[PDB]
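Residue numbers (the working numbering), protein chains in the order written: chain A, 30 to 827; chain B, 30 to 827. Positions of the beta carbon are idealized from the N, C-alpha and C atoms, including for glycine.
2 protein chains.
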Amino acid sequence: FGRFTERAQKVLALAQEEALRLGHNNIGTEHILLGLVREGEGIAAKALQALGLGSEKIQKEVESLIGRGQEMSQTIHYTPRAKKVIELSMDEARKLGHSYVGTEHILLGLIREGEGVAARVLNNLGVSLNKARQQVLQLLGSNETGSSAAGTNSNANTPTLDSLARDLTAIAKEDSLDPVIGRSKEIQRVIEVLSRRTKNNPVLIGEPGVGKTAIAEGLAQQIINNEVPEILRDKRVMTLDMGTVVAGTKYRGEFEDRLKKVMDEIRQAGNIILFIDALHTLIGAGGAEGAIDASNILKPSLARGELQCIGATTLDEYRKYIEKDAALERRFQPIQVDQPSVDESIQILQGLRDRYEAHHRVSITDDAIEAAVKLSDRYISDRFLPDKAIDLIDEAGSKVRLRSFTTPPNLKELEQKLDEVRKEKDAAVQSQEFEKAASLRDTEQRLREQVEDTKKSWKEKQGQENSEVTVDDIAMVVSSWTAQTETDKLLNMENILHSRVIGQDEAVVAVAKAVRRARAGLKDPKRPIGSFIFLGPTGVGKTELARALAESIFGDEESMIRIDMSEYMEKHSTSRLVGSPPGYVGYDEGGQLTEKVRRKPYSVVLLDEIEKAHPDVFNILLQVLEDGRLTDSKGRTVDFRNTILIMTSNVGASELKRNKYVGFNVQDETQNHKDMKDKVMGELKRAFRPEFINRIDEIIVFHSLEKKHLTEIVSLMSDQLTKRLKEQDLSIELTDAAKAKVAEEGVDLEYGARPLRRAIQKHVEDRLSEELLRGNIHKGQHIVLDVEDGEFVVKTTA
Amino acid sequence: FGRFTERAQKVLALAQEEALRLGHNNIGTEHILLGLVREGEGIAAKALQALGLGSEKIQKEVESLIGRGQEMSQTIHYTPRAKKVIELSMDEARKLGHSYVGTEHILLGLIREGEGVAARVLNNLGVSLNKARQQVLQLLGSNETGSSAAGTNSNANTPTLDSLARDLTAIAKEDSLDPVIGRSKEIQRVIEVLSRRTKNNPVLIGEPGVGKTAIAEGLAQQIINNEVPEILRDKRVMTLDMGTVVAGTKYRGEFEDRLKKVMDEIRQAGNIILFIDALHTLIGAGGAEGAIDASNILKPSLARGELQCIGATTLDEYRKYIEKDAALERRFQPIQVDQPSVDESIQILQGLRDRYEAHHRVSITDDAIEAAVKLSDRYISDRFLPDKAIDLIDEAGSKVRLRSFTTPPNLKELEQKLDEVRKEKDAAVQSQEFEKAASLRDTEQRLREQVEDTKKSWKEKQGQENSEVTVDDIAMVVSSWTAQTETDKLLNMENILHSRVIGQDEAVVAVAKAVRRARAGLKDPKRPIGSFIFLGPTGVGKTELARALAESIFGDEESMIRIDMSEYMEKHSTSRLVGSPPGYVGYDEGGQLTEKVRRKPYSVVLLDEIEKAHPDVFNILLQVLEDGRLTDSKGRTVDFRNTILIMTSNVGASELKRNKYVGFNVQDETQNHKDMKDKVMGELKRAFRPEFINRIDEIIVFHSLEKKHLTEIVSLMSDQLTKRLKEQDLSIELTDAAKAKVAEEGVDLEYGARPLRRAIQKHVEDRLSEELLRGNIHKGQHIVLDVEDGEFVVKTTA
C-alpha cells in the first residue's frame with residue numbers, strides 16, 4: 030500500500046527479528062505469525078492471545094520447522110509464502126475501506142494464506158485457521174470517524190424518508206458531511222425560496238457542470254445549526270433519488286406510482302424539503318418528446334408547498350416550465366448559479382487535494398492549483414471554470430508521479446542485466462550441469478538486490494511528486510489536451526506564435542497582445558480571448574496564425590473550428606455548389622456555428638470572409654462578441670469561453686498578390702512589402718458594415734503572392750508533404766536548398782506559383798519514396814533533402 | 030415552534046423544580062421523567078401512573094442518580110438529552126393530533142429518546158420504556174372540528190366510491206368543509222346544466238390558475254344542504270382523481286382498464302356527479318398529439334348522462350373537443366369562469382395565514398396581501414391571479430425571516446469568538462497543560478451564555494414578522510421576480526424609470542402614467558397594461574425604457590420580450606437569411622409572438638421597427654393591443670393583457686441621426702437636438718398607419734444622435750467587458766473621463782469607431798491587469814478608471 034498503521038508495520042519487523050532468534054534466517058509465514066502474537070495486543074496480536082497463542086508458543090513451533098540451528102544470520106527478507114500473506118492484508122483492508130492497512134488484516138491474510146510454517150504453528154496450538162481470522166475480523170480495521178450522535182427517535186417522518194432515500198442532515202450529525210465548497214454566494218438566495226409556503230420551491234440555474242450539487246450540502250448544514258428561519262428550525266431535508274426508483278423497476282407506470290406514493294408520504298408538509306436533481310425529466314414539458322410526465326400530481330404539489338423542493342437545472346431548462354405554467358412558475362423563483370468565479374474555483378481545488386494524495390500526488394503545488402483554475406479558464410476552456418481546473422491538478426498530479434517509477438537513476442540497466450542472468454543460468458541447468466547454472470544463479474540474486482536497491486533509490490522521484498502536481502506539469506496537462514508551461518505559454522505567446530507564422534509580424538504581435546491581456550486574467554472569461562480580423566488575400570499568414578494561436582494560447586496546436594461566412598449568404602453553397610441543401614445563414618446561426626463551438630468551447634473560431642457574408646451574418650458574429658454566447662440549436666447555449674474569433678478578409682489582393690517585382694529598381698520588391706503592410710488595414714472596413722467590426726479588436730495584417738511571397742508558399746507546401754510521411758514512421762526534413770530546386774519549376778509567370786505542389790511531388794514525395802524503395806534512406810532515421818551543386822540529394826542521418 | 034399546550038410546558042418546568050429539590054443542578058432527562066409523573070394525570074403523567082410510577086417513585090431514583098446533593102443551582106437549564114426529548118415531542122405533535130404539542134407527546138418523546146437519564150430511571154423503576162409510550166399514545170385525545178357520526182345508508186355504493194376516490198361531500202358532513210372562496214357566480218350556473226339529463230354536463234372554461242377547483246367544493250356543500258332541485262338533494266359528488274389512476278399502473282392500457290372499471294360502476298347515473306378536472310386530457314381528440322383516448326367509452330357516456338360530469342378546461346383548451354360534436358355538444362355547455370376579480374385572490378391569501386404563520390411571516394400585512402394580488406396581476410403574470418398573489422406574500426414570507434437570523438444585534442462577532450475558545454481550551458488540556466485550559470473553558474461558557482442571550486434578543490425580529498408580511502417586503506419580492514416598494518414603484522413610476530434611464534423625459538412621463546394607471550389596479554387585464562408607440566430612429570432610448578419598465582418598476586431584472594417586425598414581414602421578409610423559413614408574418618403571429626408572451630403574461634413586448642411592417646401585419650398586432658390576446662399556436666390563448674406592448678418608429682433616420690455643426694454657429698447642433706425631439710412625432714406618421722397608433726395608451730417621445738454617439742459606444746463596450754469580469758469577482762467602474770481617453774483612439778476618419786474595443790482593451794483590460802499585478806488595485810474592491818490630468822489614472826475605492 031504505502032499507508033499503514035503502527036500495529037501493522039510493527040507485526041512486520043518482528044518477523045525478521047524472530048527469523049534469527051529461532052535459528053532461521055528467512056522469514057517464512059512463521060515469522061509473520063510470530064510477528065502477530067509478538068506485537069502483543071494489536072488487533073491481530075490480541076486475536077492470537079484470545080484463541081490461545083503466546084509469543085513463546087509460536088516461536089518454538091516456528092523454530093521446530095527450521096530453527097535451532099541454521100543460524101549465521103543470512104539476509105532476512107521474506108520468502109514467497111510470507112509475501113503472499115502480506116498481499117492479502119492489503120485487500121483485507123480494502124475490504125473494510127482502510128486505506129492505511131492495519132494489524133488485523135495481517136492476521137486475516139495470514140490465515141487466508143494458511144500454508145507454510147505459520148499455518149502449522151497455529152493449527153498446532155489448538156486454534157483452527159478460521160477461528161483465528163474470525164477473532165481479528167470482528168474488531169475494526171481502525172479507520173473510522175463517523176458517528177457523533179447516539180440518540181433515538183420515532184415520528185411521523187418514518188414512511189417518507191424510508192423509501193427513497195438518505196438524509197443529508199444525518200451524515201452531518203455523524204461528522205461526515207462536507208460543505209463541500211462552491212459557489213458559496215449561490216446558497217444564500219435559496220434560503221429565501223425555502224421559508225415560504227408559496228414559491229417555496231427553489232430552482233438553481235447555471236451549468237450542471239459546475240459541481241452545483243455542492244450548494245445543496247450547504248443547505249443541510251444550515252437547516253441544522255443555528256440561526257435560520259422558523260420552519261427551517263422545523264425542517265428536514267430528504268433526497269429524491271432517481272437511482273433507487275429505477276432499480277427493481279423497468280416500467281414507466283411503476284415509476285409514476287412510486288412517485289405518487291412519495292407524494293402521499295409528503296404529508297410532513299410545511300416542514301419537509303425534497304431535493305430533486307435534474308428537475309426537467311419529471312416535468313416532461315417542452316421539447317419534441319417528454320421524459321415522463323409527473324406533472325399531473327407534481328404541479329399542484331409544487332404550487333401549494335406540500336412539496337417544497339429544490340430543483341437543479343441547466344442553461345435551457347427553465348424556459349420549458351414557465352411555458353407549462355401556472356403552478357410551475359408559481360413554485361419556481363430563481364437563484365443565480367455561476368460557472369464559479371475564479372476565486373470560488375480555487376477553493377474547490379484545495380478541498381479535494383488530499384484525495385489526489387490518495388491518488389498519491391497532489392498535495393500541492395499551490396501555484397499550480399491557482400493556475401489549474403486561471404490557466405483552465407483561458408487555456409481549455411472547454412467546460413465551466415472549476416471542472417477544467419481539478420482535471421489539470423490530477424493529470425499533472427500523476428504525469429510526473431508516473432515518471433516516478435520507470436527508472437532507477439539510470440540503473441535501469443541493472444534490471445536489464447538481471448534478465449540475461451536468468452537465461453544463462455537457466456538454459457545451462459536446463460541442459461545441466463547443476464553448477465553450470467549455479468554461479469550464474471548466484472550472480473543473479475547479487476544483481477537483484479542492486480536492482481531493487483536503486484529502484485527504491487527512485488523513491489526520490491516519489492518524494493518529488495507524491496506531494497506536488499508541478500506548475501509546469503499542470504500547465505502541461507492543459508497543453509496536453511488541446512502554472513508554468515501555460516503561463517510560460519502566456520508570457521512567451523509571441524515567441525510561440527512567431528515560430529509558426531512567417532510573413533507579417535504586424536499580425537502576430539497584434540493577436541499576441543490581445544490574447545496575452547486576456548490570458549493574464551482581465552477580459553471576459555465567457556467571450557473570445559481575442560476577436561480579430563485577419564487580413565490579406567489567402568496564401569500567407571491568416572489561418573496559420575489561428576493555428577499558431579492554438580499552440581500558444583491552448584498549449585498544443587490543436588482544436589480550431591472554421592466556418593466560412595462567405596457561404597452564409599444563402600446563395601453560395603446553399604444548393605449552388607458543394608455544401609448542403611439548407612437556406613444557409615439560418616443553418617449557420619440556427620445550428621452550425623453554435624454546435625461546433627459547443628463541442629470545444631475553447632476552439633479558435635475562424636469565421637472566414639465576413640466581408641463577403643450578408644449583413645445579417647455580421648450581427649450573428651457580433652452576438653458572439655456581445656453576449657459571449659449564442660443560443661441556438663433548440664435553445665442550447667454555446668459558451669465561447671475563450672475562443673479566438675478570427676474573422677478573415679482576402680482583400681488588398683492586387684498589391685498583396687502582385688509580384689514584388691523589379692520595377693526598374695530592386696527596391697520595388699522591398700516597397701511592395703512596405704506597401705502591402707499598409708493596404709490591408711483599410712481594405713477590410715469597406716467590405717462589411719461597422720456594427721460588427723467595432724466589437725472586433727486587433728487588426729491582424731497579412732498578405733500573399735509576390736516574388737518573394739511566392740517563396741514563402743514553397744516552404745508551406747514542402748512542410749505539408751513532410752508531416753503526412755510521419756504516420757508510417759518516416760522522419761523527413763527538407764533543407765532550404767531542396768525547396769529551391771523545387772521552386773525551379775514553378776517561377777513561371779504564365780502559371781504563377783501554382784506548380785510548386787507538383788514540383789514537390791516530383792522532387793520530394795516521388796524522390797523520397799524512390800529512395801526508400803532503393804533503401805538509401807530509412808524509417809526511424811532522419812532524412813534530409815538538400816541540393817548540393819544545383820542537384821538534389823537525399824541523405825540519411827540519425 | 031413556540032406553539033405547544035399547557036400540559037406539555039407544565040410537564041417540562043416541574044422537572045427543573047424537582048431537580049433542585051433533589052440536588053441535580055442540571056435537570057436531567059431523569060428529571061424530565063420525574064416532571065412527567067409530577068404533572069399527575071396529564072397524558073404523560075397519567076401514562077406513567079398506569080404502569081405504576083409515582084411522582085415520588087421517579088424522584089427517589091432520580092435522587093439516587095445525582096445524590097442529595099450539591100444544589101446551589103449551578104446554571105440550571107436542561108440536559109442536552111432532555112432537550113432531545115422535547116424536539117421529539119414537537120414532531121410527535123406534527124404526527125399526532127394538535128400541531129401544537131401536548132402531554133402525550135412529551136412522554137412519547139421521552140421513550141423515543143430512550144437512552145440516557147430518563148430512560149435509565151424508568152429502566153431502574155421496573156417500567157419498560159415502550160409500555161410507557163403505549164399509554165401516552167392511546168390517549169392523544171379526539172379533537173373534532175364540530176364532527177358528527179353514526180351509521181351509513183345504502184348498499185349499491187360499494188364498488189364505485191372505494192377505488193378512486195374521496196368525496197367532497199364527505200368533509201362537509203363532518204364540519205371539515207372548505208371556505209371555498211370563489212368564483213361564486215360561477216357555482217350557480219352549474220345547477221341548471223346539471224339538473225339537466227340532456228346537456229347534463231357542466232363545463233367550466235377559464236385560466237388554470239383561476240382556482241377553478243374552488244367552485245367545485247361550492248357545489249358539494251349546497252348539494253347536501255339544501256338549495257338544489259328535488260333529486261339534486263340526493264346527488265353525490267365523486268372526484269375522478271388522476272393520482273389514484275396512475276398509482277398501480279404499468280402502461281397506457283392499464284390506465285384505460287381503470288377508466289373502464291369506473292364506467293361499469295357508473296350505473297349510479299343521473300344521481301351521481303363525476304368531477305373531472307382537466308377534462309380535455311382524457312378525450313385525446315384534436316391536436317397533433319393526444320394524451321390517451323378515453324373518448325370511445327366517454328363520448329356515449331356524456332351523451333347518455335351515465336357520465337353526468339363537470340369538466341374543468343383552460344381558457345384556450347376547449348375548442349378542440351366541442352369540435353368533435355354533437356353528442357359532446359349536447360353534453361357540454363359552457364359557463365363563464367373569469368380571470369379572477371382582484372378581490373377573490375386577496376381572500377385566498379387571508380385564508381391560509383395560520384400556516385404561513387408557521388414560518389412566522391403572517392398573519393397580516395393586509396395591504397401587502399392586496400398588493401400581492403395587484404402588483405403580481407399586471408406584472409408577473411407568469412401564472413394566473415391567485416397563484417401570483419400568495420407567491421408574493423410567501424416570497425416575502427421568508428425574505429424577512431432571513432433578516433431575523435442573520436445576526437444577534439451585531440453580536441455575530443461573539444459566536445466567532447466562542448469557537449476560537451473551544452480550540453485553545455481543548456488544545457491546552459490535550460497537552461495537559463490543565464489550568465491553561467481551565468480559564469479558556471470558563472471564557473468559553475461565558476461567551477456562550479452571552480451568545481445565546483443575544484440570539485434570543487433576535488426574537489425581536491420574530492415579533493416583527495410573526496404577523497406582518499411587510500408591504501415593502503412583498504414589493505421587494507415582486508421586484509425579485511420581474512405593497513410598499515412596488516406600489517411606491519407604481520406611484521413613483523416616472524422617478525423609478527428615471528433612476529435607471531437617463532434622458533428623454535418626454536417618453537418617461539407618458540409611459541409611466543399609463544402603466545401606473547393600469548398597474549395600480551384601475552385597468553382590468555383584457556387589453557394590455559400599456560400599448561405605446563415609442564418614437565425616434567436608432568440611438569434613442571426606446572428599448573431602454575421598455576426594459577426599464579419591466580426592470581425598474583416592477584422588477585429589478587428580467588421581464589422584457591422583444592420581437593422585430595421588420596424580420597416578420599411579408600414583403601421585406603418571407604424566409605430571407607437567418608432563422609426559420611415559414612412565410613414570415615404567419616410564423617410570427619401563428620407561432621413566435623404568441624409563444625413568447627404565453628410563457629410570461631407580463632413582459633414588456635417591444636415590437637421593433639414596426640413601421641417597415643405593412644398594415645396587414647399591423648391588423649393582427651392591433652388585436653394584441655386591443656384584446657390583450659391572440660389565439661394562435663394551435664388554438665392557444667396568449668395573455669398580452671398583462672404585457673406592455675411597445676411599438677417603435679424609425680423611418681426618419683437621417684434627421685434623428687443628423688449632426689449639425691455649422692449654421693454660422695456651433696449652436697445649430699444644440700438646436701438639432703431640440704429639433705429632433707419634435708421631428709420624431711412626425712416620423713411616427715410616415716410609415717405607421719393611424720389605425721394602429723390609436724390603440725395605444727400614449728405616444729412616447731425619444732430623440733437621438735445630434736453629436737454625441739461615439740462616447741456612448743465606448744460606454745456600451747466598457748460596461749460589457751467589466752460585467753463579465755464581475756463574473757470573476759472584480760468590481761470595476763469606468764468614469765466618463767476614462768471612456769473619453771479611450772475615444773481619443775477611435776476618432777480616426779478612415780478607420781471609423783472600430784478602434785474603441787481595442788482602446789478599451791488597452792485602457793481597461795490591460796490597464797487593470799497591469800495595476801492588479803502591481804497591487805495598486807485589489808480584485809473585488811471597487812476600482813474606478815478616470816482621467817485626471819488629461820491622462821488616464823486607475824483609482825481605488827472599497
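Chain-ordered listing is empty here: chain B has no CB closer than 9 Å to the CB of A/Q163, the nearest sitting near 30 Å.
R110, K113, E116, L117, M119, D120, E121, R123, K124 and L125: these are the residues of the stretch 103 to 131 of chain B whose beta carbon lies less than 9 Å from some beta carbon of chain A, given in chain order. When DSSP states are grouped into helix, strand and coil, A/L739 belongs to the helix group. Using a Cβ distance threshold of 7 Å, B/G155 and B/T58 do not count as a contacting pair.
With contacts defined as CB atoms closer than 7 Å, A/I582 and A/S678 fail to qualify as a contacting pair. Boundaries of the beta strand (DSSP E) harbouring A/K824: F821 to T825, taken from the DSSP string.
Taking 7 Å as the cut-off between beta carbons, the residues of the stretch 577 to 606 of chain B near chain A are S604 and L606, in sequence order. Scanning chain B for C-beta atoms nearer than 8 Å to the C-beta of A/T342 yields nothing, as the closest lies near 15 Å away. Interface with chain B (7 Å Cβ-Cβ cutoff): A/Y280 is included. For the stretch 543 to 555 of chain A, residues whose beta-carbon sits nearer than 8 Å to a beta-carbon of chain B comprise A543, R546, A547, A549, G550, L551, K552, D553, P554 and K555. Shown in chain order are the members of the stretch 354 to 373 of chain A whose Cβ falls below 7 Å from a Cβ of chain B: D354, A355, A356, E358, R359, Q362, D367, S370, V371 and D372. The beta carbon of B/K202 does not come within 7 Å of any beta carbon belonging to chain A, so the residue lies off that interface. Take B/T34, set aside five residues on each side of it, and the residues of its chain with a beta-carbon closer than 7 Å to its own are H127, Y129, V130 and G131, in chain order.
Per the coordinates, the alpha-carbon of B/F647 lies some 6 Å from the alpha-carbon of B/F721. The Cβ neighbour count for A/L136, taken over all protein chains shown within 10 Å, is at least 16; the residue is labelled buried. Boundaries for B/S528: no beta strand (DSSP E) harbours it, and the DSSP string shows neither H nor E there.
Considered as a whole, the stretch 282 to 322 of chain A harbours 309 to 312 as its complete alpha helix (DSSP H) runs of no fewer than 4 residues, in chain order. Boundaries cannot be given for A/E640, as no alpha helix (DSSP H) includes it and DSSP labels it neither H nor E. Within the stretch 557 to 575 of chain B, not one residue has a Cβ closer than 7 Å to any Cβ of chain A.
Chain order gives the chain A residues near B/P610 as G612 and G615, where near means a beta carbon separation below 8 Å. Interface residue (Cβ-Cβ distance to chain A less than 7 Å): B/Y385 is classified as such.
Closer than 8 Å at the C-beta level to chain B, one finds these residues of the stretch 712 to 724 of chain A: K714, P719, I722, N723 and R724. Setting aside the 5 residues that flank it on each side, A/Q78 is surrounded in the same chain by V66, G69 and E70, each with a C-beta closer than 8 Å to its C-beta; the list follows chain order. For A/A179, the chain B residues whose Cβ falls inside 8 Å of its Cβ are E144, in order along the chain. Rounded to the nearest angstrom, the Cβ distance from B/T483 to B/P438 is 6 Å, consistent with a contact under 8 Å.
Contact of A/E684 with chain B is not assigned, every C-beta pair being separated by 7 Å or more.
With 16 or more neighbouring CB atoms inside 10 Å of its own CB, A/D411 falls in the buried class. Listed in chain order, the beta strand (DSSP E) elements of length 3 or more contained wholly in the stretch 482 to 548 of chain B amount to none. B/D726 sits in coil when the DSSP states are folded into three classes, being neither helix nor strand.
In the displayed model, A/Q365 falls within a strand according to three-state DSSP. With a beta-carbon spacing of about 7 Å, A/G340 and A/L233 fall inside the 8 Å limit used to define contacts. Between B/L654 and B/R724, the beta carbon gap of about 4 Å places them in contact (Cβ cut-off 8 Å).
The CB of B/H389 comes closer than 7 Å to the CB of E259 in chain A, given here in chain order.
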